[PDB]
Structures are given as structure tokens and as C-alpha cells.
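Here's a solo chain for you in C-alpha cells, the form deposited without the DNA.
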């Protein structure tokens, strides 16, 4: 693996608290049960991380594997970002249809972008987008996270600056599922569970 992907995995593991480490890594399901047995987790973090980075080399970790561990960190630490709610207005054959559509729209608009996915059993997708330009590489340390619940008109994003790549994200989301318009709602929270609670409650009154 490249030193860029190796560094990203290092900084990701470094910010994981020690007690959580063994649970996140199992959830990641990239390093094997056998590989992880060789690691003793009861010393300095710096020793733990270099052993784990070695194990990623053995397993030939790509950027996609790195991006997936990052999603899992975020899934276990949703509170670290402020989530905005977005509403769409109006069928897919599949979730795979959405993922390929969405990925292409972004990677055609700009050339350098990392678009990764994780599916949860709620018919929901986590999207992680690391933005780059036509000329510059993707910034893996300032990514955008999207949580789209497929059978709803609702999508939840983590806004950091609300950049020039923010109208494009709306566009891509809107096009990739069978929707015509997107609008930002005036609903912010650090807690996604609490936002789900308001938008899916008032989605049940109207329909």
C-alpha cells in the first residue's frame, strides 16, 4: 500500500479510543480474526498502530479500505459533526443503481474524488466523499458524510464550510435517486437519532 493510504489509516486508528479499538476493527472486517490475535492491545498506542499498519500492508489495503474504516469511525462517533437535514421531492431497481449513478456524477464533474459507501440494515446508505479538483488530489482529511434513507425523501449531511462543491452534492443526490428538487431544511443537530426522530415523525403525519 501507498504511503498516503498508510498515513490515513494511521491517523484514523490514532483517534480511536483504546477500549473501542477492538470493536471498530471487527466491524471493519478487513484484518482477519487471526491477524488481530497476534496484536497485543495492552501497551502504548504507538506500538499498537504500527503493528496494525503492518497488518494492512500484508492485506494490501487500498484507499477504499481506508475510507471504509473512516465511515465506521464516524458511525461510532456521529456526535463529532453537526448534521443538516435535506429534503427531496418527486423508482430505483436497486441500491447498487444509486451508488453507481452517484459515484459517476461526482467523478465526471471533478476528476479526482473518493466516493465510498456503507449500507446499514435500515435501507440506509452512508456516503463518504473526499473532495479534489480536476487538477488536485482528494483531501482525505476534510471529507463530507451523507446518510441517505432510501425509502424516504430525506438525506442527512455533515457541513464543514458549505463550499462550492455543496450545490454539486445536492445535484448528484437528487439525480441519482429518482428526485427532481432538493432543499436545505432549517434543522441542525449533533445527534442524528434526534433528527431522524423529527423528520420521520412529521413524514408520518402528512403521508
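Numbering follows the first chain given and starts at 1.
What comes next is about the form solved in complex with the DNA, which does not appear here.
- Of the candidate stretches 50 to 58, 160 to 168, 65 to 73, 25 to 33, only 160 to 168 contains residues with a heavy atom within 4.5 Å of the DNA in the entry with it bound.
- Taking the partner from elsewhere, residue 81 is found to have a heavy atom lying within 4.5 Å of the DNA in the entry with it bound.
- Among heavy atoms of residue 198, none comes within 4.5 Å of the DNA in the entry with it bound.
- Put simply, residue 18 is close to the DNA in the entry with it bound: some heavy atom of it is within 4.5 Å.
- Mapping the unseen interface onto this chain, residue 179 falls outside it, with no heavy atom inside 4.5 Å of the DNA in the entry with it bound.
- The partner is not shown here, but in the entry with it bound the stretch 134 to 155 reaches within 4.5 angstroms of the DNA through a heavy atom at 142 alone.
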